[PDB]
Visitor: 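Please see the structure below; I have some questions.
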Amino acid sequence: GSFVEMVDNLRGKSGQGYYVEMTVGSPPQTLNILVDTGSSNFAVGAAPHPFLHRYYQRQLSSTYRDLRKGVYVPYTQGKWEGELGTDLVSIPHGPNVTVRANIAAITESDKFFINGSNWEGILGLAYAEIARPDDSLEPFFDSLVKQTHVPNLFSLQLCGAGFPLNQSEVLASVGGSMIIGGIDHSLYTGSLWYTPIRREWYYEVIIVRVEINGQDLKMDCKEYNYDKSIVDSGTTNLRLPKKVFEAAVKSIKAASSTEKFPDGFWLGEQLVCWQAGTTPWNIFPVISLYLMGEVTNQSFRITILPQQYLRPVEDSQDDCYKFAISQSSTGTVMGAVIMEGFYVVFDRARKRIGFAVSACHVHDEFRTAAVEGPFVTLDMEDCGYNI
Ligand SMILES: COc1nc(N2C[C@H]3C(=O)N(C)C(=N)N[C@@]3(c3cc(-c4cccc(C#N)c4)cs3)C2)ncc1F
């Protein structure tokens with residue numbers, strides 16, 4: 001229904017991630033924590049670092065419990081090593097509960113904490129299967145549901161501003177909402193459409209068709225989910241498997257062919273700029289991803305605009321952007337590019353993910369993001385990849 005205490009509890013932007021305030025320990029130590037549906041550990045800075053202005057001080061918490069076990073995470077979007085323990089954890093703009101949760105106290109890191117970023121830790125919201133060191137380390141959300149009456153569901157509304165936010169603006173701006181234990185109807189318009197969670201590890205889904213401005217990419221649907229397709233609030237871009245990325249970029253270039261962009265732009269390395277207010281949104285195509293429905297032989301589509309896949313960056317008074325669609329060798333990743341267009345419901349209790357048009361998506365007077373259905377789609381289980 002309505003969860004006013006949790007609405008507008010996030011801050012951040014797609015390039016730096018979105019974070020929520022949490023407290024750890026007794027007395028409570030406040031930290032800003034990245035909301036990550038692409039991992040399953042709760043890990044916090046626990047030692048001084050040049051890019052952290054605060055960290056978890058275990059010696060100052062009366063409720064700290066040492067698990068006497070280390071944890072190592074290899075190079076991904078950095079690397080880190082830490083020490084496992086448990087403590088009492090709360091979310092100030094969250095459910096009014098305190099839970100005893102596992103915490104990885106980060107003692108050493110390399111390219112993990114980012115200069116200029118405001119988060120001090122990560123809240124991995126995915127399942128125990130991908131937790132480190134192994135699946136015996138209960139993730140935060142599993143603890144929260146086990147210890148309280150909070151329903152086994154959360155929903156995310158990530159809000160892209162549509163323009164660059166400077167150092168002060170990004171700290172003062174509302175970046176979105178994380179509703180723990182429910183769905184807030186103020187955060188979306190139209191209907192919610194659900195896709196099954198294929199398997200509980202990452203939030204894995206199945207894409208059954210892809211269109212660029214209504215034109216079918218016409219690839220074998222297994223290519224779209226090779227080797228998996230996931231929903232990840234901790235990835236900035238929409239990432240596509242190599243072969244799919246190559247086909248999609250060719251189609252996006254063809255649709256936008258009235259303007260030529262350098263190779264560096266399509267590689268996501270180089271910004272493109274236009275005179276203030278003159279970004280030619282209309283030359284760029286909409287992108288639709290069709291997802292398996294909950295009903296046999298039924299699918300639905302989510303449609304995003306260039307206002308989602310062109311990420312605003314500062315250069316001048318020009319309006320500049322980076323192309324936020326990129327190649328992957330680990331499957332499709334529906335990152336902040338996708339999520340900024342939609343209110344996303346992680347319905348763990350019913351093993352499904354819901355999408356609805358976000359009340360904060362950026363658009364223009366001529367086009368809007370969309371969530372539509374149903375469509376008749378056959379042999380959708382064949383779109384899933386095995387081995
Ligand atoms: C903490 O513990 C564990 N974290 C992980 N993760 C895997 C990483 C990764 O490659 N992705 C795709 C991901 N979704 N999350 C991780 C990170 C995201 C960011 C980050 C930085 C800047 C912007 C954004 C955005 N949007 C995200 C830094 S690390 C953490 N894996 C296993 C663990 F035990």
Side-chain angles (χ1 to χ4, degrees), residues 10-20 22 24 31-46 49 51-52 56 69-78 80-84 101-141 156 158-160 165 170 175-176 178 201-204 228-239 268 308-309 311 313 322 324-340 344 346:
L10 304 184
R11 290 192 285 161
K13 60 191 181 171
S14 62
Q16 301 218 277
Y18 288 87
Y19 61 86
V20 67
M22 299 183 72
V24 295
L31 296 172
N32 284 329
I33 303 299
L34 180 85
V35 168
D36 187 14
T37 67
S39 68
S40 303
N41 284 74
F42 177 40
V44 303
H49 188 276
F51 306 154
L52 291 173
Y56 173 40
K69 193 182 181 174
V71 57
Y72 170 56
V73 165
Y75 295 100
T76 184
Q77 248 266 191
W80 63 261
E81 291 138 78
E83 297 173 0
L84 295 169
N102 291 311
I103 308 179
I106 297 168
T107 51
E108 279 169 29
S109 61
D110 182 352
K111 297 184 286 298
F112 179 76
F113 298 114
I114 301 143
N115 197 183
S117 301
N118 205 40
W119 50 264
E120 291 118 2
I122 302 190
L123 178 63
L125 291 168
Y127 300 93
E129 177 169 320
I130 62 162
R132 304 297 191 102
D134 56 63
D135 67 6
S136 71
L137 194 77
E138 185 173 83
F140 175 81
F141 207 87
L156 292 172
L158 308 185
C159 295
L165 296 164
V170 74
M178 172 169 64
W201 59 314
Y202 286 98
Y203 285 101
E204 188 184 3
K228 61 185 174 296
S229 289
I230 69 172
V231 184
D232 185 5
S233 62
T235 285
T236 297
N237 287 357
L238 166 58
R239 306 185 65 223
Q308 280 75 59
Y309 65 81
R311 184 169 65 83
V313 301
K322 279 192 183 169
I325 305 182
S326 57
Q327 191 183 308
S328 172
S329 67
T330 63
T332 292
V333 184
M334 295 167 59
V337 164
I338 289 288
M339 302 185 65
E340 283 177 357
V344 186
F346 294 79

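Numbers here are sequence positions counted from 1. What you see below is based on every heavy atom in this structure, not just the backbone, and it leaves out hydrogens, waters and symmetry mates. Note that ligands are numbered from 1 as they come in the structure, with each ligand's atoms numbered from 1 the same way.
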Visitor: Please identify which atoms of ligand 1 are closer than 4.0 Å to at least one heavy atom of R132.
Guide: 34 (F)
Visitor: Identify, with sequence neighbours excluded, every residue that meets side-chain contact (heavy atoms from CB on, under 4.5 Å) alongside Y202.
Guide: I130, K228, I230
Visitor: Of the non-hydrogen atoms in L156 and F346, which two are nearest, and what is the gap between them?
Guide: CD1-CE1, 3.9 Å
Visitor: Which atom pair, heavy atoms only, marks the closest approach of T235 to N237?
Guide: CG2-O, 3.4 Å
Visitor: Decide yes or no on side chain to side chain contact (heavy atoms under 4.5 Å, CB included) for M178 and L125, but give the supporting numbers first.
Guide: CA-CA 11 Å; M178 172 169 64; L125 291 168; 4.1 Å; yes
Visitor: With side chains defined as the heavy atoms from C-beta onward, is the minimum distance between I114 and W119 less than 4.5 Å?
Guide: yes
Visitor: Would you say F42 touches ligand 1, if touching means a heavy atom closer than 4.0 Å?
Guide: no
Visitor: With heavy-atom distances below 4.0 Å as the criterion, list the atoms of ligand 1 near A43.
Guide: 1 (C)
Visitor: Run the numbers for me: atoms of ligand 1, each under 4.0 Å from some heavy atom of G234, listed by number.
Guide: 11 (N), 12 (C), 13 (C), 14 (N), 18 (C), 24 (C), 25 (C), 26 (N), 27 (C)
Visitor: Does only the side chain of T235 get under 4.0 Å from ligand 1, or the backbone, or both, or neither? Count heavy atoms.
Guide: both
Visitor: Any chance you could lay out the side chain to side chain contact (heavy atoms under 4.5 Å, CB included) test for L158 and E340, step after step, and finish with the verdict?
Guide: CA-CA 5 Å; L158 308 185; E340 283 177 357; 4.2 Å; yes
Visitor: Any nitrogen or oxygen of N41, side chain or backbone, less than 3.5 Å from one on ligand 1?
Guide: no
Visitor: Using heavy atoms and a 4.0 Å limit, tell me yes or no: is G15 in contact with ligand 1?
Guide: yes
Visitor: Just to be sure I read this right, does ligand 1 sit under 4.0 Å from the backbone of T236, its side chain, both, or neither, counting only heavy atoms?
Guide: both
Visitor: What atoms of ligand 1 come closer than 4.0 angstrom to any heavy atom of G17?
Guide: 23 (C), 25 (C), 26 (N)
Visitor: Let's go through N102 and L84 carefully: what are the C-alpha distance in whole Å and the side-chain angles of both, what is the deciding distance for side chain to side chain contact (heavy atoms under 4.5 Å, CB included) to 0.1 Å, and is it a yes or a no?
Guide: CA-CA 7 Å; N102 291 311; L84 295 169; 5.7 Å; no
Visitor: When the ring centroid of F141 is compared with that of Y127, is the distance short of 6.0 Å?
Guide: no
Visitor: Looking only at heavy atoms, is any part of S233 under 4.0 Å from ligand 1, and if so is it the side chain, the backbone, or both, or is it neither?
Guide: backbone
Visitor: Should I122 and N41 count as side-chain neighbours, where that means a heavy-atom distance under 4.5 Å?
Guide: no
Visitor: Side chains of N32 and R11: closer than 4.5 Å at any heavy-atom pair?
Guide: yes
Visitor: Of the backbone atoms (N, CA, C, O) and the side-chain heavy atoms from C-beta on, which set of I114 has a member under 4.0 Å from an atom of ligand 1: side chain, backbone, both, or neither?
Guide: side chain
Visitor: Go through ligand 1 atom by atom and flag the ones less than 4.0 Å from a non-hydrogen atom of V73.
Guide: 33 (C), 34 (F)
Visitor: Return yes or no for this condition: an N or O of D232 is under 3.5 Å from an N or O of ligand 1.
Guide: yes
Visitor: Does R132 reach the side chain of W80, with side-chain heavy atoms less than 4.5 Å apart?
Guide: no
Visitor: Looking at non-hydrogen atoms alone, which of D36, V333, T37, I106 comes nearest to atom 16 (C) of ligand 1?
Guide: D36
Visitor: Near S14, which atoms of ligand 1 are under 4.0 Å from a heavy atom of that residue?
Guide: 25 (C), 26 (N)
Visitor: Mind checking side chain to side chain donor-acceptor pair (under 3.5 Å) for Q308 and listing every partner two or more places apart, or none if nothing turns up?
Guide: none
Visitor: Show the atoms of ligand 1 that are less than 4.0 angstrom away from any heavy atom in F112.
Guide: 29 (S)
Visitor: Between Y18 and ligand 1, find which residue part has any heavy-atom pair under 4.0 Å and reply side chain, backbone, both or neither.
Guide: neither
Visitor: Does an N or O anywhere in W119 fall below 3.5 Å from an N or O of ligand 1?
Guide: no
Visitor: Please work out which of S117, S39, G12 has its closest non-hydrogen atom nearest to atom 3 (C) of ligand 1.
Guide: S39
